[PDB]
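*Asks:* pasting an experimental structure, sequence included:
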Amino acid sequence: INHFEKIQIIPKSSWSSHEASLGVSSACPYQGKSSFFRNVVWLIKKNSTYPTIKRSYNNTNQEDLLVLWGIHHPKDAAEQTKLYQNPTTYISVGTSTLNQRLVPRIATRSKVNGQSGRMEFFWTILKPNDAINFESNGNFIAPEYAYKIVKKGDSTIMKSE
Amino acid sequence: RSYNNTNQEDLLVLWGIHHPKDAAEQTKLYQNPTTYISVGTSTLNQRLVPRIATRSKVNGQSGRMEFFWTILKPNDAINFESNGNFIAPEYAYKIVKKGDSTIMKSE
Ligand SMILES: *[C@@H]1O[C@H](CO)[C@@H](O[C@@H]2O[C@H](CO)[C@@H](O)[C@H](O)[C@H]2NC(C)=O)[C@H](O)[C@H]1NC(C)=O
Ligand SMILES: *[C@@H]1O[C@H](CO)[C@@H](O)[C@H](O)[C@H]1NC(C)=O
């Protein structure tokens, strides 16, 4: 791959049933304030409720699309209900080929960047005319931006200081 | 169900699991909302669970079939247990002749 074209597939504003603007951490600082990975949305409960999410995006572009998403693994049972209410959650992802179902694993973990929680990130290539389908109870790190693959050719990742 | 390989030959056994479209279809086909398939042999120790999700329609199906296999050696037994979503074997293949071969890609 020689060129990506970033596009928005699921707007940040369109999460009218969940809190999409409080998904930040001191582990990801920006100009002295708590921030987060800009291309994905850390969704949490709104007014003490996390209703089931059911979102679909259809690849209407000519280009193959690289889609990124994630799952949050919390520190303990208290933090789970604190962020998402529901004690047992999941994320199910489907495409033409893909048939995924993720569940958050809870455990006591060492503090990296002052966090005992973890983020596990996943990806897929959504081919043209195919649709990706999400469903979740919580712990969902939703895509906002995905990358179009516009130019394919000779390239390499070169390790150098 | 249990099958005992009484043949002299190694046996190729095939089975599967059905992944349904939604919770309604699960109870519609199999009643039980939470199911599994457990498979055991001399070596094998498997337990499959159906994963549910909204999926694109390939050949007009939102459901999926995931297929599995094993080689059941002579004098060994294969054991199945399931609540639903089980795609059970009917026929399996005896391996009678082993030798030089290849799968050749050609139109
Ligand atoms: C069926 O599987 C059993 C074990 O799950 C196999 O064990 C044979 O069983 C008898 C015991 O009644 C032994 O005397 C034999 O030595 C075993 N046979 C061989 C050839 O190893 C059982 O053999 C299998 N059934 C058969 C061969 O009919
Ligand atoms: C959306 O995807 C479907 C199949 O998943 C496809 O048939 C359809 O043409 C796409 N939508 C368009 C072109 O508006």
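*Replies:* Cool, the structure landed. Residues are numbered from 1 along each chain as shown, chains lettered A, B, ... in the order given. Ligands and ions are numbered 1, 2, ... in the order given.
*Asks:* how about residue A:104, nearest residue that isn't a chain neighbour?
*Replies:* Nearest residue to residue A:104, sequence neighbours excluded (CB to CB, 6 or more residues apart in numbering or on different chains): residue A:139, at 4.5 Å. For every residue, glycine as well, the C-beta is placed using N, CA and C.
*Asks:* check the burial of the one you found by counting its neighbours.
*Replies:* 27 (other CB atoms under 10 Å in any protein chain shown).
*Asks:* for it, give me its contacts.
*Replies:* A:71, A:72, A:73, A:74, A:80, A:83, A:84, A:89, A:91, A:104 (CB atoms under 8 Å, 6 or more residues apart in numbering or on different chains).
*Asks:* residue A:25 too?
*Replies:* Counting by CB under 8 Å, 6+ apart, residue A:25 has contacts A:34, A:35, A:36, A:115.
*Asks:* and of those residues, the nearest to ligand 1?
*Replies:* Nearest to ligand 1 among those, counting by CB to the nearest ligand atom, is residue A:115 at 51.0 Å.
*Asks:* thought the closest one was touching residue A:27?
*Replies:* Yes: contact criterion CB atoms under 8 Å: residue A:115 and residue A:27 qualify, at 5.1 Å.
*Asks:* measure residue A:127 to chain B for me?
*Replies:* 10 Å (CB to the nearest CB, to the nearest Å).
*Asks:* which residues touch the closest residue to that residue other than its chain neighbours?
*Replies:* Closest residue in space to residue A:127, ignoring its immediate chain neighbours: residue A:64 at 5.9 Å, by CB to CB, 6+ apart. Applying CB under 8 Å, 6+ apart to residue A:64 gives the contacts A:125, A:126, A:127, A:128, A:148, A:149.
*Asks:* what number of residues lie near residue A:136?
*Replies:* 25.
*Asks:* picking up where we left off before, now list the buried members of the contacts of residue A:64.
*Replies:* Buried by 16 or more other CB atoms under 10 Å in any protein chain shown: A:126, A:148, A:149, out of the contacts of residue A:64.
*Asks:* quick one: which of these is nearest to residue A:9?
*Replies:* Set against residue A:9, the nearest of these by CB to CB is residue A:126 (9.1 Å).
*Asks:* residue A:67 is in contact with that closest one, correct?
*Replies:* Yes: between residue A:126 and residue A:67 there is a contact at 5.3 Å, judged by CB under 8 Å.
*Asks:* touching both of these two, which residues are there?
*Replies:* Common neighbours of residue A:126 and residue A:67, counting by CB under 8 Å, 6+ apart, are A:57, A:132, A:146.
*Asks:* dump those to a markdown table, plus distance to ligand 2 and neighbour count.
*Replies:* A markdown table is the format used below for those (distance: CB to the nearest ligand atom, whole Å; neighbours: other CB atoms under 10 Å in any protein chain shown):
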| residue | distance to ligand 2 | neighbour count |
| --- | --- | --- |
| A:57 | 9 | 17 |
| A:132 | 10 | 26 |
| A:146 | 16 | 25 |
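*Asks:* possible to save these as TSV with secondary structure?
*Replies:* Shown next, in TSV, are the shared contacts of residue A:126 and residue A:67 (DSSP: H, G, I helix; E, B strand; the rest coil):
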residue	secondary structure
A:57	strand
A:132	strand
A:146	strand
